$ cat target.csv   # CSV, N, CA and C atoms
chain,number,residue,atom,x,y,z
F,1,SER,N,7.7,27.2,-4.3
F,1,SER,CA,7.8,27.2,-2.8
F,1,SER,C,6.5,26.7,-2.2
F,2,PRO,N,6.6,26.0,-1.0
F,2,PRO,CA,5.5,25.5,-0.3
F,2,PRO,C,4.6,26.5,0.4
F,3,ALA,N,4.0,27.3,-0.4
F,3,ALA,CA,3.1,28.4,0.2
F,3,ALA,C,1.9,27.7,0.9
F,4,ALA,N,1.8,26.4,0.8
F,4,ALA,CA,0.8,25.6,1.4
F,4,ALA,C,1.3,24.9,2.6
F,5,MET,N,2.4,25.5,3.2
F,5,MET,CA,3.0,24.9,4.4
F,5,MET,C,2.0,24.8,5.6
F,6,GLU,N,0.9,25.6,5.5
F,6,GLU,CA,-0.1,25.6,6.5
F,6,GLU,C,-1.3,24.7,6.1
F,7,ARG,N,-1.4,24.3,4.9
F,7,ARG,CA,-2.5,23.5,4.4
F,7,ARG,C,-2.0,22.1,4.1
F,8,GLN,N,-2.7,21.1,4.6
F,8,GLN,CA,-2.4,19.7,4.4
F,8,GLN,C,-3.6,18.9,3.8
F,9,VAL,N,-3.4,18.5,2.5
F,9,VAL,CA,-4.5,17.8,1.8
F,9,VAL,C,-4.6,16.4,2.3
F,10,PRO,N,-5.8,15.9,2.8
F,10,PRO,CA,-6.0,14.6,3.3
F,10,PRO,C,-6.1,13.6,2.1
F,11,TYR,N,-5.4,12.5,2.2
F,11,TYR,CA,-5.4,11.4,1.2
F,11,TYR,C,-5.4,10.0,1.8
F,12,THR,N,-6.5,9.3,1.7
F,12,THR,CA,-6.6,8.0,2.2
F,12,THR,C,-6.7,6.9,1.1
F,13,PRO,N,-5.8,6.0,1.0
F,13,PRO,CA,-5.8,5.0,0.0
F,13,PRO,C,-6.4,3.7,0.5
F,14,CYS,N,-7.6,3.4,0.0
F,14,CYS,CA,-8.3,2.2,0.4
F,14,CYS,C,-8.8,2.3,1.9
F,15,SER,N,-10.0,1.8,2.1
F,15,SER,CA,-10.7,1.8,3.4
F,15,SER,C,-11.9,0.9,3.4
F,16,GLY,N,-12.1,0.2,4.5
F,16,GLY,CA,-13.2,-0.7,4.7
F,16,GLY,C,-12.9,-2.1,4.1
F,17,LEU,N,-12.6,-2.1,2.8
F,17,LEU,CA,-12.3,-3.4,2.1
F,17,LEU,C,-10.9,-3.9,2.5
F,18,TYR,N,-9.9,-3.0,2.5
F,18,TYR,CA,-8.5,-3.4,2.9
F,18,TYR,C,-8.1,-2.5,4.0
F,19,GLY,N,-8.4,-1.2,3.9
F,19,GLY,CA,-8.0,-0.2,4.9
F,19,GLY,C,-6.5,-0.1,5.2
F,20,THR,N,-5.7,-0.9,4.5
F,20,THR,CA,-4.2,-0.9,4.8
F,20,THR,C,-3.4,-0.8,3.5
F,21,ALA,N,-2.8,0.3,3.3
F,21,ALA,CA,-1.9,0.6,2.1
F,21,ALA,C,-0.5,0.0,2.4
F,22,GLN,N,0.1,-0.6,1.3
F,22,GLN,CA,1.4,-1.2,1.4
F,22,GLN,C,2.0,-1.6,0.1
F,23,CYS,N,3.2,-2.0,0.0
F,23,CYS,CA,3.9,-2.4,-1.2
F,23,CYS,C,4.0,-3.9,-1.3
F,24,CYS,N,3.4,-4.5,-2.3
F,24,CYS,CA,3.4,-5.9,-2.5
F,24,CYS,C,4.4,-6.4,-3.5
F,25,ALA,N,5.5,-7.0,-3.0
F,25,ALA,CA,6.6,-7.5,-3.8
F,25,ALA,C,6.2,-8.8,-4.5
F,26,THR,N,6.0,-8.8,-5.8
F,26,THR,CA,5.6,-10.0,-6.6
F,26,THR,C,6.8,-10.9,-6.7
F,27,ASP,N,6.5,-12.2,-7.0
F,27,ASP,CA,7.5,-13.2,-7.2
F,27,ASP,C,8.1,-13.1,-8.6
F,28,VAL,N,9.1,-14.0,-8.9
F,28,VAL,CA,9.7,-14.1,-10.2
F,28,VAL,C,8.9,-15.0,-11.1
F,29,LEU,N,9.1,-16.3,-10.9
F,29,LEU,CA,8.4,-17.3,-11.8
F,29,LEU,C,7.4,-18.0,-11.0
F,30,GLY,N,7.7,-18.3,-9.7
F,30,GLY,CA,6.7,-18.9,-8.8
F,30,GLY,C,5.6,-18.0,-8.3
F,31,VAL,N,5.2,-17.0,-9.2
F,31,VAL,CA,4.2,-16.1,-8.9
F,31,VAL,C,2.9,-16.7,-8.4
F,32,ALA,N,2.3,-16.1,-7.4
F,32,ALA,CA,1.1,-16.6,-6.7
F,32,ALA,C,0.7,-15.7,-5.6
F,33,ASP,N,1.8,-15.4,-4.8
F,33,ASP,CA,1.6,-14.5,-3.6
F,33,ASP,C,2.6,-13.4,-3.7
F,34,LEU,N,2.3,-12.2,-3.1
F,34,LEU,CA,3.2,-11.1,-3.1
F,34,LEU,C,3.5,-10.7,-1.7
F,35,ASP,N,4.8,-10.6,-1.4
F,35,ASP,CA,5.3,-10.2,-0.1
F,35,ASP,C,4.9,-8.7,0.2
F,36,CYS,N,3.8,-8.5,0.8
F,36,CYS,CA,3.4,-7.1,1.1
F,36,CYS,C,3.7,-6.7,2.6
F,37,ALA,N,4.5,-5.7,2.7
F,37,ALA,CA,4.9,-5.2,4.1
F,37,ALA,C,4.4,-3.8,4.3
F,38,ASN,N,3.8,-3.6,5.5
F,38,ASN,CA,3.3,-2.3,5.9
F,38,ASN,C,4.4,-1.2,6.0
F,39,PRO,N,4.3,-0.1,5.2
F,39,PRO,CA,5.3,0.9,5.2
F,39,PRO,C,4.9,2.0,6.2
F,40,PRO,N,5.6,2.1,7.4
F,40,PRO,CA,5.4,3.1,8.4
F,40,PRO,C,5.9,4.5,8.0
F,41,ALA,N,4.9,5.4,7.6
F,41,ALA,CA,5.2,6.7,7.2
F,41,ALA,C,3.9,7.5,6.9
F,42,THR,N,4.1,8.8,6.7
F,42,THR,CA,2.9,9.6,6.3
F,42,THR,C,2.8,9.8,4.8
F,43,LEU,N,2.0,8.9,4.2
F,43,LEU,CA,1.8,9.0,2.8
F,43,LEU,C,1.2,10.3,2.4
F,44,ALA,N,2.1,11.2,1.9
F,44,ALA,CA,1.8,12.6,1.5
F,44,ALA,C,0.6,12.5,0.5
F,45,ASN,N,0.7,11.6,-0.5
F,45,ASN,CA,-0.3,11.5,-1.5
F,45,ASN,C,-0.1,10.2,-2.3
F,46,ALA,N,-0.7,10.0,-3.4
F,46,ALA,CA,-0.7,8.8,-4.2
F,46,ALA,C,0.7,8.6,-4.8
F,47,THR,N,1.2,9.6,-5.6
F,47,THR,CA,2.5,9.5,-6.2
F,47,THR,C,3.6,9.2,-5.2
F,48,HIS,N,3.3,9.5,-4.0
F,48,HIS,CA,4.3,9.3,-2.9
F,48,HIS,C,4.4,7.8,-2.6
F,49,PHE,N,3.3,7.1,-2.2
F,49,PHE,CA,3.4,5.7,-1.9
F,49,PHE,C,3.5,4.9,-3.2
F,50,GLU,N,3.0,5.5,-4.3
F,50,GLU,CA,3.1,4.8,-5.6
F,50,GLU,C,4.5,4.6,-6.0
F,51,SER,N,5.4,5.6,-5.7
F,51,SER,CA,6.8,5.6,-6.1
F,51,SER,C,7.6,4.8,-5.0
F,52,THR,N,7.1,5.0,-3.7
F,52,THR,CA,7.8,4.3,-2.6
F,52,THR,C,7.9,2.8,-2.9
F,53,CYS,N,6.9,2.3,-3.5
F,53,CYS,CA,6.9,0.8,-3.9
F,53,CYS,C,7.7,0.6,-5.1
F,54,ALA,N,7.4,1.4,-6.2
F,54,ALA,CA,8.1,1.2,-7.4
F,54,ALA,C,9.6,1.4,-7.3
F,55,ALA,N,10.1,1.9,-6.1
F,55,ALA,CA,11.5,2.1,-5.9
F,55,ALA,C,12.3,0.9,-6.2
F,56,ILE,N,11.8,-0.3,-5.6
F,56,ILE,CA,12.5,-1.5,-5.8
F,56,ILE,C,11.8,-2.3,-7.0
F,57,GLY,N,10.8,-1.7,-7.5
F,57,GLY,CA,10.1,-2.3,-8.7
F,57,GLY,C,8.7,-2.9,-8.3
F,58,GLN,N,8.2,-2.4,-7.2
F,58,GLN,CA,6.8,-2.9,-6.8
F,58,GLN,C,5.8,-1.8,-7.1
F,59,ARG,N,4.6,-2.0,-6.5
F,59,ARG,CA,3.5,-1.1,-6.7
F,59,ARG,C,2.6,-1.0,-5.5
F,60,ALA,N,1.9,0.1,-5.4
F,60,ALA,CA,1.0,0.4,-4.3
F,60,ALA,C,-0.3,-0.5,-4.4
F,61,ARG,N,-0.5,-1.3,-3.3
F,61,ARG,CA,-1.6,-2.3,-3.3
F,61,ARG,C,-2.4,-2.1,-2.0
F,62,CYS,N,-3.4,-2.9,-1.8
F,62,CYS,CA,-4.3,-2.9,-0.6
F,62,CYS,C,-4.8,-4.3,-0.4
F,63,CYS,N,-4.5,-4.9,0.8
F,63,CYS,CA,-4.9,-6.2,1.1
F,63,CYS,C,-5.7,-6.3,2.5
F,64,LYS,N,-6.3,-7.4,2.7
F,64,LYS,CA,-7.1,-7.6,4.0
F,64,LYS,C,-6.2,-8.4,5.0
F,65,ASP,N,-6.9,-8.8,6.1
F,65,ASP,CA,-6.2,-9.6,7.2
F,65,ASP,C,-5.3,-8.7,8.0
F,66,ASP,N,-5.0,-7.5,7.5
F,66,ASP,CA,-4.2,-6.5,8.2
F,66,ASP,C,-5.0,-5.5,8.9
F,67,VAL,N,-6.2,-5.8,9.3
F,67,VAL,CA,-7.1,-4.9,9.9
F,67,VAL,C,-7.5,-5.4,11.4
F,68,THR,N,-7.9,-6.6,11.5
F,68,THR,CA,-8.3,-7.2,12.8
F,68,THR,C,-7.0,-7.7,13.5
F,69,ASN,N,-5.9,-7.2,13.1
F,69,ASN,CA,-4.6,-7.6,13.7
F,69,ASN,C,-3.7,-6.4,13.9
F,70,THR,N,-3.7,-6.0,15.2
F,70,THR,CA,-2.9,-4.8,15.6
F,70,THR,C,-1.4,-5.0,15.1
F,71,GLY,N,-1.0,-6.2,15.0
F,71,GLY,CA,0.4,-6.5,14.5
F,71,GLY,C,0.4,-6.6,13.0
F,72,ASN,N,-0.4,-5.8,12.3
F,72,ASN,CA,-0.4,-5.8,10.8
F,72,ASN,C,0.8,-5.3,10.2
F,73,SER,N,1.8,-6.1,9.9
F,73,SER,CA,3.0,-5.7,9.3
F,73,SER,C,3.3,-6.5,8.0
F,74,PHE,N,3.8,-7.7,8.2
F,74,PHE,CA,4.2,-8.6,7.0
F,74,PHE,C,3.2,-9.7,6.9
F,75,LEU,N,2.6,-10.0,5.7
F,75,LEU,CA,1.7,-11.1,5.6
F,75,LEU,C,1.9,-11.9,4.3
F,76,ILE,N,1.4,-13.1,4.3
F,76,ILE,CA,1.6,-14.0,3.1
F,76,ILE,C,0.2,-14.1,2.5
F,77,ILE,N,-0.1,-13.4,1.4
F,77,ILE,CA,-1.4,-13.5,0.8
F,77,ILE,C,-1.4,-13.6,-0.7
F,78,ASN,N,-2.5,-13.9,-1.3
F,78,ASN,CA,-2.7,-14.0,-2.7
F,78,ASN,C,-2.6,-12.7,-3.4
F,79,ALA,N,-2.2,-12.7,-4.7
F,79,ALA,CA,-2.1,-11.4,-5.4
F,79,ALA,C,-3.5,-10.8,-5.6
F,80,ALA,N,-4.5,-11.7,-5.8
F,80,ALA,CA,-5.9,-11.2,-5.9
F,80,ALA,C,-6.4,-10.5,-4.7
F,81,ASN,N,-5.9,-11.0,-3.5
F,81,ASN,CA,-6.3,-10.5,-2.2
F,81,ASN,C,-5.9,-9.0,-2.1
F,82,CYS,N,-5.0,-8.6,-2.9
F,82,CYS,CA,-4.5,-7.2,-2.9
F,82,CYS,C,-4.9,-6.5,-4.2
F,83,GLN,N,-5.9,-5.7,-4.2
F,83,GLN,CA,-6.4,-5.0,-5.4
F,83,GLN,C,-5.9,-3.6,-5.4
F,84,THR,N,-5.4,-3.2,-6.6
F,84,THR,CA,-4.9,-1.8,-6.8
F,84,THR,C,-6.0,-0.8,-6.5
F,85,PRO,N,-5.7,0.3,-5.7
F,85,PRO,CA,-6.7,1.3,-5.4
F,85,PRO,C,-7.2,2.0,-6.7
F,86,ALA,N,-8.5,2.3,-6.7
F,86,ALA,CA,-9.2,3.0,-7.8
F,86,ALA,C,-8.7,4.4,-7.9
F,87,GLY,N,-8.2,4.8,-9.1
F,87,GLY,CA,-7.7,6.2,-9.4
F,87,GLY,C,-6.2,6.3,-9.2
F,88,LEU,N,-5.6,5.3,-8.6
F,88,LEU,CA,-4.2,5.2,-8.4
F,88,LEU,C,-3.4,5.4,-9.7
$ encode --input "target.csv" --output "C-alpha cells"
Amino acid sequence: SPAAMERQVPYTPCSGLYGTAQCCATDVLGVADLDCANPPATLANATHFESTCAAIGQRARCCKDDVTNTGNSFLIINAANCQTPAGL
C-alpha cells in the first residue's frame, strides 16, 4: 500500500547540459538522428520514463536545443547530442 501517499520523492533527470528528458526514437538503417519528442507528464521516477520510452522500443535520453526554446517539443538532432543520464 502507498503509505507514502503524503511523501513525494523528487527526481530530476538531466539538468544544465540538456535539462530536458524525453524519448529518442532511433532510426532503422539510416541511423544518424533520433526523433525525440518531449513527453508531457510527471516523471514519477527513472523506471517510469525509462519504461515510457521502451514501450515502443525506445529509451530515456537527454538532448539540448530544447532549453532556450519555450516550444521545446519535437526536434531533429544527432544521436550523440542525446546522452543517456548517469545512473539511469
$ closest_residue --input "target.csv" --among "F:36, F:20, F:1, F:81" --to "residue 69 (chain F)" --atoms "only C-alpha atoms"
F:20
$ atom_distance --input "target.csv" --atom1 "atom N of residue 58 (chain F)" --atom2 "atom C of residue 35 (chain F)"
10.3 Å
$ residues_around --input "target.csv" --residues "residue 34 (chain F)" --least-positions-apart "2" --cutoff "10 Å" --atoms "only C-alpha atoms" --output "PyMOL selection string"
chain F and resi 23-27+31-32+36-37+58+75-82
$ select_by_dssp --input "target.csv" --residues "region 32-85 of chain F" --states "alpha helix (DSSP H)" --output "list in words"
residues 46, 47, 48, 49, 50, 51, 52, 53 and 54 of chain F
$ closest_residue --input "target.csv" --among "F:21, F:44, F:5, F:54" --to "residue 72 (chain F)" --atoms "only C-alpha atoms"
F:21
$ residues_around --input "target.csv" --residues "residue 12 (chain F)" --least-positions-apart "4" --cutoff "12 Å" --atoms "only C-alpha atoms" --output "VMD selection string"
chain F and resid 16 18 to 21 42 to 46 49 62 85 to 88
$ atom_distance --input "target.csv" --atom1 "CA of residue 2 (chain F)" --atom2 "atom N of residue 59 (chain F)"
28.2 Å
